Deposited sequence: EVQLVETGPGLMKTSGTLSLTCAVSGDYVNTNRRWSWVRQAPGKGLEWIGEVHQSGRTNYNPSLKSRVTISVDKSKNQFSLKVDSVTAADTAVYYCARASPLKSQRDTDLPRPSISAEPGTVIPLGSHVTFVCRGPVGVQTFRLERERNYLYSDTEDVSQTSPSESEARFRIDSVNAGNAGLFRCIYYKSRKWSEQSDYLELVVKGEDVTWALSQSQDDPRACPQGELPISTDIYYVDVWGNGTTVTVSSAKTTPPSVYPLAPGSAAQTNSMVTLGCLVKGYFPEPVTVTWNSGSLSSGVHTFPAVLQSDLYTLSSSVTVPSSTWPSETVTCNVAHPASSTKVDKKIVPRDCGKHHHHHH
């Protein structure tokens, strides 16, 4: 089975550069996949960070693109993420993921081919572009075709890339206005021609400030295939703070059933482990999520016991802070 493992720090100093790596198992990174990163703040939803394509091409969420760098190392079967000038706002659980061109199996003998463009579909004047036609294994000829002038180009330079797929590449060294248009793929296999692929628009952008354009402006697709995240890593929690290691201050909380508690104030960093009577009391406990009290953490933990057991028997809260290597016990004594 396919596994993705995140690696990196837990803590990152404010205005620093966060560095994460994803180790891929049961697959090859050098395949038709989009190796991606997603992040989730402590109480928020999911935010798409960016992705890296087989061609080495990168796409990043505009919200934060300037601070983003996604790379891939085929030799080590891994991909990485670097984040510059990190602030408290960059606090989250970071996930590495695999995006795949999933297909509901409709055809098996001659499946409908796919058309892609590298580096993209919006090419500057005079620059190059390559179309990649994808089909099943055993194709003898691939054909690229133009809509407006209905010109075509055939190739027998076919190469197997996976146990199920095969491909051909068509390069235009220097694009002009008359090269822009709609392009498709069709292949010949076993005395038969396939169904033609979907069209893919190629635009050649002008060399001036005034140049401007079913996706948004310039947000033209680069493939007829839709990529979907089908595998997620379990995630790595990253905390961005200029704070120092600080052990907690443990304060007791005294008032048929009775609720007692403990206040765990001013520590850095999360987590803390709170137990009651060394785990013997567990059925009625509530430990609350920590809040940020001026760059230090604070939490409370409540315990509910019968009135017959307290103050007649001792109730103690056990507070452990692994980071500072501290382990404290606090007895709950009554008030008048």
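Missing from the model, relative to the deposited sequence, are the stretches 214 to 221, 264 to 270, 352 to 360.
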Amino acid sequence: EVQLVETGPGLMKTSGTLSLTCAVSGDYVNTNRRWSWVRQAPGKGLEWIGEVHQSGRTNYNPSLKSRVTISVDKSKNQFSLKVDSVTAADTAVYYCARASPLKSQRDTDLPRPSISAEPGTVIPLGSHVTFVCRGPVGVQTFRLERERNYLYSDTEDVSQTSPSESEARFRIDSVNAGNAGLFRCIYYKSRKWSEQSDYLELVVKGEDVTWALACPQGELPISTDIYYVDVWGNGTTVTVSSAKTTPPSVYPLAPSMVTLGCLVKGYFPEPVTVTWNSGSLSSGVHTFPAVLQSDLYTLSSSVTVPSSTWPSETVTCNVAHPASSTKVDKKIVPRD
From here on, numbers count along this sequence of modelled residues.
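Once the C-alpha B-factors are averaged per stretch, 102 to 110 and 67 to 75 rank with 102 to 110 first.
Higher mean CA B-factor, judged across 41 to 49 and 302 to 310 from the recorded values: 41 to 49. Highest CA B-factor among 259, 237, 85, 140, as stated in the entry: 85.
Considering 219, 230, 118, 225 together, the PDB entry gives 219 the largest C-alpha B factor. When the modelled residues of the chain are ordered by C-alpha B-factor, residue 288 sits in the lowest third.
Remark: residue 94 belongs to the lowest third of its chain, ranked by C-alpha B-factor as recorded. When the modelled residues of the chain are ordered by C-alpha B-factor, residue 56 sits in the highest third. Ranked by C-alpha B-factor against the other modelled residues of its chain, residue 6 falls in the lowest third. Looking at the C-alpha B-factors along this chain, the one for residue 62 belongs to the highest third.
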